[PDB]
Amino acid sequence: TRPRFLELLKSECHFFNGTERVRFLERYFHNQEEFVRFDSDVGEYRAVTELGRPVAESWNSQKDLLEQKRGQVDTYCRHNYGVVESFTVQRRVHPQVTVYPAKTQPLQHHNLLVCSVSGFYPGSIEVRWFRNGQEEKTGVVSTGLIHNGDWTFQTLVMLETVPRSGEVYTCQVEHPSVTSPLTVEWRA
């Protein structure tokens, strides 16, 4: 094919402590390279590479422009925040948790345990592993947070132990969708 030329624009709004503090970033990119941007923290335009130097100089001489972009944290950021909050910031879907053994080898051998937590939102989530009540802090490996691209996350957390008859293994998930932590037990 023929060479592609790309123009990227990103209007970013960063919120902390509700809307107590807001940061607005208007960034211009050409072929994966940001050359000029507006940072509400600076107040005016700036270049990120030489091609922007001339641009910034021009724009920053238009008082009406800077004036307008400085209000963006309010008219744009804090406004949009109020329009979507109820279904994004507040969005909460409870985690679906299941446990099961992985790998495969006869009695008195290798074995792993799996805790599959999925379909939750937000992503901030905590998962632990207990054995007969004691918390396990050794043979645990996690996939880490995993986006699903449909407003839901999923995570897989494994624990390597040698299952003994009569034992009780528990997976504990703490998340914003539940007042009290969820638990799923597996009995050996």
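Start at 1 with the first residue shown and count on from there.
Practice item. Give the stretch, out of 22 to 30 and 144 to 152, with the larger mean C-alpha temperature factor in the deposited entry. Key: Averaging CA B-factors over each stretch, the winner is 144 to 152.
Review point. On average, which has the higher Cα B-factor in the deposited entry, 4 to 12 or 178 to 186?
Key: Stretch with the higher mean C-alpha B-factor: 178 to 186.
Check your understanding: Whose CA atom has the top B-factor in the entry, of 84, 77, 115, 107?
Key -> Most elevated C-alpha B-factor of the set, per the entry: 107.
Practice item. Just grab whichever of 40, 68, 138, 61 has the top CA B-factor as deposited. Key: Within the set 40, 68, 138, 61, 138 shows the top C-alpha B-factor.
Practice item. Determine, from the deposited record, the chain-internal third of the Cα B-factor for residue 170: lowest, middle or highest. Key: Lowest third of the chain for residue 170's C-alpha B-factor.
Practice item. Divide the modelled residues of the chain into thirds by Cα B-factor and specify which third, lowest, middle or highest, holds residue 53. Key: Top third by C-alpha B-factor.
Point to revise | Position of residue 125 among the chain's modelled residues by C-alpha B-factor, lowest, middle or highest third | key: Its C-alpha B-factor belongs to the middle third of this chain's values.
Exercise for review: Sorting the chain's modelled residues by C-alpha B-factor, tell me whether residue 72 ends up in the lowest, middle or highest third.
Suggested key: Lowest third - that is where residue 72 ends up once the chain's C-alpha B-factors are sorted.
Review point. Ranked by Cα temperature factor within the chain, is residue 96 in the lowest third, the middle third or the highest third?
Key: Middle third, going by the recorded CA B-factors of the chain.
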